[PDB]
Amino acid sequence: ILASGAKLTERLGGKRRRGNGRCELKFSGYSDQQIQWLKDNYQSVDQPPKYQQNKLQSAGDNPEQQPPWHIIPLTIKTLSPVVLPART
RNA sequence: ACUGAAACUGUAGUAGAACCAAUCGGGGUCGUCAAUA
């Protein structure tokens, strides 16, 4: 699908219909081979599997807390913009 | 005591209307030339 949908993309952005934004969109490692497999196989696909969350697990085997504390500093650098909701 | 999810800044719109690269001009026709001794 992703190979196929990438291939069919011809335009993005503003004034697509008036010749802005003509493009090729290619995934690394998806080719017409991935397209051809779907063409060969799409009739025998089914529904995708149902989504479920990754649940937490607990053993309870931690030792009881004892001093001293350790303070491990973590430096965070933003690489994209980051949205941290104050109010929606 | 626990990151929400998902959502194309897109959609319509002719850098165009107007403006003469033009106005005037017979491919024509006659007197010397030179300055010393």
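Letters go in sequence order (proteins before strands), and every chain restarts at 1. All values below were derived from every heavy atom in this structure, side-chain atoms included, with hydrogens, water molecules and symmetry-related copies excluded.
A syn orientation is assigned to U14(B), its glycosidic angle lying within 90° of 0. For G26(B), the base is syn relative to its sugar; the glycosidic angle is within 90° of 0. Base orientation of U29(B): anti (glycosidic angle beyond 90° from 0). Annotated as syn: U9(B), whose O4'-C1'-N torsion sits within 90° of 0.
Residue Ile1(A) places its CD1 atom among 12 or fewer non-hydrogen atoms of other residues, nucleotides or ligands, all under 6.0 Å distant.
Applying the salt bridge (charged side-chain N to carboxylate O under 4.0 Å, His left out) test between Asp32(A) and each of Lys7(A), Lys39(A), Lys26(A) identifies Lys7(A) as the sole match.
With ring centres under 5.5 Å apart and planes tilted under 30°, the neighbouring bases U32(B) and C33(B) are scored as stacked. The six-membered rings of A21(B) and its strand neighbour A22(B) do not satisfy centres under 5.5 Å apart together with planes under 30°, so the two bases count as unstacked. In this strand, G13(B) does not stack onto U14(B); the six-membered rings are not both under 5.5 Å apart and under 30° in angle.
Although no hydrogens or angles enter the test, the distance criterion places a donor-acceptor pair under 3.5 Å between the side chain of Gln66(A) and the main chain of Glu64(A). Without hydrogens or angle criteria, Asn20(A) side chain to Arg16(A) main chain gives no donor-acceptor distance under 3.5 Å.
Judged by the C1'-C2'-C3'-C4' torsion, the sugar of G26(B) sits on the south side, since the angle is negative. A positive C1'-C2'-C3'-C4' torsion places the sugar of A12(B) in the north, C3'-endo-side range. Sugar conformation at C33(B) is north: the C1'-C2'-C3'-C4' dihedral has a positive sign, consistent with the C3'-endo side. The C1'-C2'-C3'-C4' dihedral of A34(B) is positive. Its furanose therefore counts as north. A negative value of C1'-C2'-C3'-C4' puts the sugar of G25(B) in the south, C2'-endo-like family.
Note that the CG atom of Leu84(A) and the OG1 atom of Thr78(A) stand 10.0 Å from one another [nearest 0.5 Å]. Between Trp37(A) atom CH2 and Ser4(A) atom OG the span is 10.5 Å, to the nearest 0.5 Å.
The distance from atom CG of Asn20(A) to atom P of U9(B) is 16 Å, rounded to the nearest whole Å.
For the residue pair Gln52(A)/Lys50(A), the side-chain donor-acceptor check at 3.5 Å is satisfied.
Within the 4.5 Å cutoff, no side-chain heavy atoms of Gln33(A) are placed close to those of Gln36(A). Side-chain contact check for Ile72(A) versus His70(A): some heavy-atom pair is nearer than 4.5 Å. When side chains are defined from C-beta on, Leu25(A) does not count as touching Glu10(A), because their heavy atoms never get closer than 4.5 Å.
At a non-hydrogen distance threshold of 4.0 Å, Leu56(A) from residues 53-66 of chain A come into contact with RNA chain B. Within residues 68-88 of chain A, the residues having any heavy atom under 4.0 Å from RNA chain B are, by residue number, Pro85(A). RNA chain B is contacted by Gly13(A), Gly14(A), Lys15(A), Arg16(A), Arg17(A), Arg18(A) of residues 8-19 of chain A, taking any non-hydrogen atom closer than 4.0 Å.
Nucleotides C30(B) and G26(B), compared at atom P, are 16 Å apart to the nearest Å. Here the separation of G27(B) from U23(B), taken at their P atoms, is 16 Å to the nearest Å.
Nearest approach of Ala3(A) to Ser31(A), heavy atoms of both residues: CB-O, 3.8 Å. Heavy atoms only, all atoms of each residue included: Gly29(A) and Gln34(A) are closest at O-NE2, 4.0 Å.
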